[PDB]
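For reference, the structure is listed below as structure tokens.
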Amino acid sequence: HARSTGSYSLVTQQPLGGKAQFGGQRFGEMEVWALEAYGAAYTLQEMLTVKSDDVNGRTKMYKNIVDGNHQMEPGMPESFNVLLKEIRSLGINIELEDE
Amino acid sequence: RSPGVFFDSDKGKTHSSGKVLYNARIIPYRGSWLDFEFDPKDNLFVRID
Amino acid sequence: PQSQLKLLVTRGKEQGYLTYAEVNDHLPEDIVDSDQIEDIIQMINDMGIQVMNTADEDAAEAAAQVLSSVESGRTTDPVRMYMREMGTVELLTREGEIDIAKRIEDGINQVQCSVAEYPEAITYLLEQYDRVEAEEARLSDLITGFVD
Amino acid sequence: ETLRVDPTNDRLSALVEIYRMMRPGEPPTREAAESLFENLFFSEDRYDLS
Amino acid sequence: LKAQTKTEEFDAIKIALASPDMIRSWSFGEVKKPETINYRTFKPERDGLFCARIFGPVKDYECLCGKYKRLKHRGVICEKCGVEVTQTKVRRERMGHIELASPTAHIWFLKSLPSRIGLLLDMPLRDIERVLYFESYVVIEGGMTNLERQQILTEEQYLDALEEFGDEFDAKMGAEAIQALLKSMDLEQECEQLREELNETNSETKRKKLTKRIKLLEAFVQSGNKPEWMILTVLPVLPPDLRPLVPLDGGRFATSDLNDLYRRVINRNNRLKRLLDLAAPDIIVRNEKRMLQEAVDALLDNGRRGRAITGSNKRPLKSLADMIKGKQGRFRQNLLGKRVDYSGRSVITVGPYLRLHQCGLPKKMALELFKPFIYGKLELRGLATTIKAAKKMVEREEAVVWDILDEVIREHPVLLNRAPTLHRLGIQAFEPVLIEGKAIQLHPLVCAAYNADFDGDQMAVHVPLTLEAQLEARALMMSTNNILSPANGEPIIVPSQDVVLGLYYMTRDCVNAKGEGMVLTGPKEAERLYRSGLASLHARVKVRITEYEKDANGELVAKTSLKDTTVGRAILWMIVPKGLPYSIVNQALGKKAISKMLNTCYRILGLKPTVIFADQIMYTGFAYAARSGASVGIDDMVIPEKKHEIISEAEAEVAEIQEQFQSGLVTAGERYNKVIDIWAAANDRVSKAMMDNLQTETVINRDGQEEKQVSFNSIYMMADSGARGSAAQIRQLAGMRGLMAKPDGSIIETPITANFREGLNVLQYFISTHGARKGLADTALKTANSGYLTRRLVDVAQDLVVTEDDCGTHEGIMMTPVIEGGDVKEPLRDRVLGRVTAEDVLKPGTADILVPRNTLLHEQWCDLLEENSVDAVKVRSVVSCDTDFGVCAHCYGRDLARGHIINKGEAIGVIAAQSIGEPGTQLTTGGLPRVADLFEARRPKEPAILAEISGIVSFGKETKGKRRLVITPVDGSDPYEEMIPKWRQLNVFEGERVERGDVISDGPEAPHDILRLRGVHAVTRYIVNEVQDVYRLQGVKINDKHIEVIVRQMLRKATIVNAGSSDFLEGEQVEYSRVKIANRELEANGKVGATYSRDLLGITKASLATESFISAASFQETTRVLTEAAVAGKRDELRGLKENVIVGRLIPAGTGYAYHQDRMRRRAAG
Amino acid sequence: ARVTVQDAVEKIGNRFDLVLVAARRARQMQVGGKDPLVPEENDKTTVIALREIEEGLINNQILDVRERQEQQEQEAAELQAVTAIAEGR
Ligand SMILES: [Mg+2]
Ligand SMILES: [Zn+2]
Ligand SMILES: [Zn+2]
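Set out below in structure tokens:
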């Protein structure tokens, strides 16, 4: 199996095969530890942000990939944002401080 | 496990006393379980299910 | 001779471990609840755990466990507290219904008479009917009909 | 010794304690204790070893 | 400069209690209706759980009613139905609310066994609940009459008390009561009273709880939170898109359970409003309030209570706390796993032709993976008009695109990963080589690191998209850049099986062969002699070789001589680069020697030579192994001729002991032991028959009568070379196999006399079955055990990362060889290798400094220490490092994929844990659970008690439960008397003196005791030596380093003893403490500095302590953590690995360390 | 291709900073503001940058100096333009 950019899940935006075109491989915690033991942060950030969970980041990246510019403008992963909303829906006030 | 009566032990680990223990269990094909079991004080007990 | 919950506690501590079934029956006849256990396994588990590896602090994980044992009656489940709270109210007697209804009649008719003794309560109705025949209102929005 | 640890006295009392054990939180009834206990291991409907 | 308002790159995070108004701030409207959609035109009903007016348009930039559909009109609020036309994504953002008719308890705060309302009010739970359900009254601010403030009453009691006092006495019931309670409470006054009361009465029981509560109170005050907010006024509603109503096939819908729950809450609340306006009797409105409480509680956390079930479905509806918690243990989405784009996977194959730095990548796979790159390049050169055309081209697979792919593949690395990822080598970067096929070709030498067989294991590929990812992949994750195990310096690139049998068959000699004894000018004509069939590959021959040495300063010296060697070794020498001695290839070349070859090559010539050398070694290995014609026949396994006889005699023994049991000369158990022993001996006899016979039995002649050497028999060559097979397995092939044990664990006294070469009869096999199944099951279990251990370990370390460079401490641990029992169970050189010296050590004579001060001890240095007789070296360690909140590179050590000293910012905790846990599959009191118990600090079952203080001791009192031991220190007082249970046999001499930490009894010792009584270094030595005993017993190499960092994490906490800054008994960070006292030794009070006591914490307990709550909310229990942090108003500054992973930004380590550093400095500064 | 970064690591010792600096340089080339300091073998900007690190003609110091110079290269251009902005008075 192989995938570049496929479909995406509605609830949380994450790669999901709907066409029998398969969803991406799952990058787990142990794998994250593997990237953590190596000195590679960017591989990991792009792994769990732009390549996957960032709804803006994925497209904003794709345009750069085709433009011939390799970068990332990561933003915030949609999962953690969903968790912000889920926590904040309770009587719990969660804020992002400073600047 | 076949329906009927069944006699077990649970020796060792129970209450770490080495005193063992003994329990009988009546298991119906369909219905409630009838359990009988001792304790360290040698007082017989019964529990449904 | 008695006090219950010690007993499962003191035994759970000396053994160092208790099966998930061991606490259920050894629990007092007071707290039988299913979701009761959920947090109390977490209580005994930070102090000497058996969930069948913890904090050696203990202490307040006992005093608060004794507070939950005293908290063991009211099963909550508002169907219950309701069914019980209404179950106090005494059944009505065939004549008692008439008593109460008569009391109602006395009350309402009182407020109605009090309304009729107010001049403005009259004048308002007059002006309102003056608005009805003036096509500024309708008959249904003033009266539901008189006696008739 | 088991009898010494027995809180009950007569048949009805034991039936009350059993009914209270099976379905706690709610008031016992004579017909309810009898019905339950007879319907547990003694009923041709609710019980079979085959 | 004005700081900022609108979105920037934020720092940290804050969590706290929400105000009703604060809640209303998020809310852009109140949802007044349970309705969702119109049921025909599926558009949302206005102000309902799904609403366009409150939340957002159903379609991008399009008003609901359809008035303004144009992308022009934007900030416009429509006149028909107010909807600002904006992207539908803001329906995933905007919150909502509900105004509750009656106050409602927040179930998380009400019951989460710190019942927060309860311990804030010092009011027991059952009283609070009894109030909430209107089951009794509770006083509030009772003034001065008859009654306590927190006191609770009943119906009659309240009526009576009210009749006595109309005013200046107050009581309520229900949620309103609890709210009035909390609101009326003045924290300041309570504090003022608590301090005094603390000061007056002296009792442990009193002032302990007193001081704890005052601490809690002042914390709650500084939090900014106010008690009232625990009682809900406004209830926020979650955005509709996060609880979708979205349709499906067949016209059917599907929706989150949150809609059901919220619907219940709304309906019951509205009904309560109505019942308030209709003036219902109390019996009713109370019931409605209880129902509302239930509804809200079920909406927030449905875990508690009775677990309301969703419509038509038995399964309990999933609530918001169940949305945060998730399931499958503790997993927060960034933890359990995440689906990732630009990736793939498939079955893998060999591809021996590959260089170590590359891997075969299937054509189609590479096409699909690099698709955007392919588009971009295609329209970059101008082969395609537009992106669409590029798509159409590669979809047509026009012949051109392939070449384009060859461009984008060249310098662009890819990541390869396997399923059981343990150590960091589990993922390795390679360079793609286009392949025709659907399978991924993986370099053989890497098969060791992945633990990947060829039996159908699958591997996954990832693409390093951004520039930084490509460079991270090439300079870090690259195959060739990691040639060494992070656990220990030994090469992980060591040739595996076919290759080692190749070099073994190559480098070797028989007694007589072609060209025996002749002489040749060099390896060239040696190989030239072999390839022409004139000379045998293995023959004793003198040849002229030129070996170099770099022994001159930075310079290669050349020398040449006549070496007595074999044709094969001479041929092999052509591969060996430069300064390596010929001696390395002149051996028999086994799996170990072939490894030490590569290792020495690396520590001498450098990286590149080691790489290319390794490659050539693999190629020649496979080549000559292929040429060797090595096979395995049924006659290759030779059964001892004397086997049957050993069987017979040992079978006589059993009849002897049997006849003895029949005559009663021996008991039953004694008979059993005897027979089992004689059979157990028979096994070893047959084993050491077949072993000699399979070993030296080849008898051949050179020019004489006879002579004998090591056999050229195939299976022997395999087992001996280290290719595969072992004496234990060969034993099971030829000689009889073992004695088996019944499932009971009782070993049968009738062993399996038949072997695999012979036929196994029914019984023997049936008896083997148990051991087989138990083997499979146990291995399958120890997999999970190893994984779990790795998890606890990475949880206890994690954020520990090299931070400073050199702390500059003389402190360290004393390194000597282990010297266990007989000679040297582990050398000194190994222990001190790659480690820095604490202080300059000396020759036997002094004023001579060989190793100055702190210098990394590498191969040459350790060899210099070996030259001299030096028996010990003091070495700096991670456990003794003075650096706060991390480790300095100077103290850590060297070891890495590179032989150089550890880099600044490399995360060593992760690799420590990984390196400890990876071999843990190979582990079997003893075993892996022993390792677990060790790292957990757990006190042993029947421990030994050390002497509390030095000086003469005596046995006091008499027998009740214990017989008291009274200590008598020479100079000091003797308050210390320890009551030692007397039914346990003692050790200590009642008439003799015993030093502190002596043996007052035998048995295992609790590491807490070792720490407290003996020392930090004592206990840090105990752990490492014990766990290393466990590993080394199984033949596992793990450097002391990793275990030492785990230890450092274990002892992280401490408990204060004296005072003058912080509280008495507080468990706190040694880092925090030491920082505060070292800061307090000067300035401040001249010295007020407080004493402490170092404390040993088990790994699972030490993992519990984390500053970041986002981190703790992951692996710990989510609800409790979130609540406990919320009431304290805890501010998470990030700074750690896990939290930054969750929030999805660069890790505060590795490459991102520079970023996080610079940022951390910019923060808390000008 | 560049098989072993050992020499590049040798130059700038941190080895993470190698990745960072080489990334910066590879960016200077990839979206072109600039051109290679060493012959391009068809090696992508990644490897070209790494080579540039190996030859010691590229590193944090050098790059920072060049960029700081360029700030004034552009500052000298706008010198009349921004001084024409006296309308702020
Ligand atoms: Mg396998
Ligand atoms: Zn409109
Ligand atoms: Zn240090």
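If you read the protein sequences in the order shown, they are chains X, Y, P, W, R and D.
Residue numbers in the first sequence follow my numbering, run continuously in steps of one, and reach 99 at the last position.
Residue numbers in the second sequence follow my numbering, run continuously in steps of one, and reach 49 at the last position.
Residue numbers in the third sequence follow my numbering, run continuously in steps of one, and reach 148 at the last position.
Residue numbers in the fourth sequence follow my numbering, run continuously in steps of one, and reach 50 at the last position.
Residue numbers in the fifth sequence follow my numbering, run continuously in steps of one, and reach 1166 at the last position.
Residue numbers in the sixth sequence follow my numbering, run continuously in steps of one, and reach 89 at the last position.
In this text, a Cβ means the ideal position worked out from N, Cα and C, and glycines have one as well.
Can you name the residues that DSSP bridges to residue i?
i: W:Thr29; result: According to DSSP, W:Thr29 bridges with nothing at all.
i: R:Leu416; result: R:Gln428 and R:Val461
i: R:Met814; result: R:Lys874
i: R:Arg1094; result: R:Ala1054
i: R:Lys338; result: X:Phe27
i: R:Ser27; result: R:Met95
i: R:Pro491; result: R:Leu484
i: X:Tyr8; result: X:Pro15
Rounded to the nearest angstrom, what separates residue i and residue j at their Cα positions?
i: R:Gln1049; j: R:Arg1021; result: 14 Å
i: Y:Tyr29; j: Y:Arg1; result: 10 Å
i: residue 1190 of chain R; j: R:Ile13; result: Outside the modelled stretch of chain R, which goes from 1 to 1166, sits residue 1190 of chain R, for which no answer is possible.
i: R:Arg939; j: R:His1008; result: 8 Å
i: R:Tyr1155; j: R:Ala1149; result: 9 Å
i: R:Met459; j: R:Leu422; result: 15 Å
i: P:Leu27; j: R:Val873; result: 59 Å
i: R:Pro362; j: R:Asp1158; result: 43 Å
i: R:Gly633; j: R:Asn586; result: 30 Å
i: R:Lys59; j: R:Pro244; result: 14 Å
i: R:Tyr450; j: R:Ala668; result: 52 Å
i: R:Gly82; j: R:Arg53; result: 6 Å
What residue from the options has the CA that sits closest to residue i's CA?
i: R:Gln1116; options: R:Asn270, R:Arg330, R:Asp21 and R:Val76; result: R:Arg330
i: R:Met717; options: R:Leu1013, R:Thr698 and R:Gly1136; result: R:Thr698
i: R:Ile952; options: R:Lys962, R:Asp167 and R:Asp974; result: R:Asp974
i: R:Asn146; options: R:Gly166, R:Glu155 and R:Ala52; result: R:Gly166
i: P:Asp30; options: P:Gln15, P:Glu71 and P:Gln50; result: P:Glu71
i: R:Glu547; options: R:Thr560, R:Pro124 and R:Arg540; result: R:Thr560
i: R:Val1047; options: R:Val1030, R:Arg1074, R:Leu1096 and R:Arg1012; result: R:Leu1096
i: X:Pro74; options: X:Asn93, X:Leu44, X:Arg3 and X:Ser89; result: X:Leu44
i: R:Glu99; options: R:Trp108, R:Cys78, R:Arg268 and R:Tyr61; result: R:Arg268
i: R:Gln497; options: R:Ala625, R:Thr507, R:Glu436 and R:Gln358; result: R:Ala625
i: R:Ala652; options: R:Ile594, R:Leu665 and R:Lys674; result: R:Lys674
i: R:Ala101; options: R:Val1016, R:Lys32 and R:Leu378; result: R:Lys32
Throw me the rounded Cβ distance for the residue i and residue j pair, which I believe falls under 8 Å.
i: R:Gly579; j: R:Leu537; result: That pair is no contact at about 27 Å.
i: R:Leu934; j: R:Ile1023; result: 6 Å
i: R:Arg91; j: R:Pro240; result: 6 Å
i: R:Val85; j: R:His97; result: With a Cβ gap of about 23 Å, R:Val85 and R:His97 do not count as contacting.
i: R:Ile747; j: R:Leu739; result: 5 Å
Q.
Does the contact criterion of 3 or more C-beta pairs under 8 Å hold for the segment 333-340 of chain R versus the segment 267-283 of chain R?
A. Contact check between the segment 333-340 of chain R and the segment 267-283 of chain R: fewer than three CB pairs, one atom from each, fall below 8 Å, which does not count as touching.
(Q) Count Cβ pairs between the segment 364-375 of chain R and the segment 407-424 of chain R that sit closer than 8 Å; are there 3 or more? (A) In this structure the segment 364-375 of chain R lies against the segment 407-424 of chain R, because at least three pairs of beta carbons, one per stretch, are closer than 8 Å.
(Q) Within 8 Å, do at least three Cβ pairs link the segment 479-489 of chain R to the segment 51-63 of chain X? (A) Touching, no.
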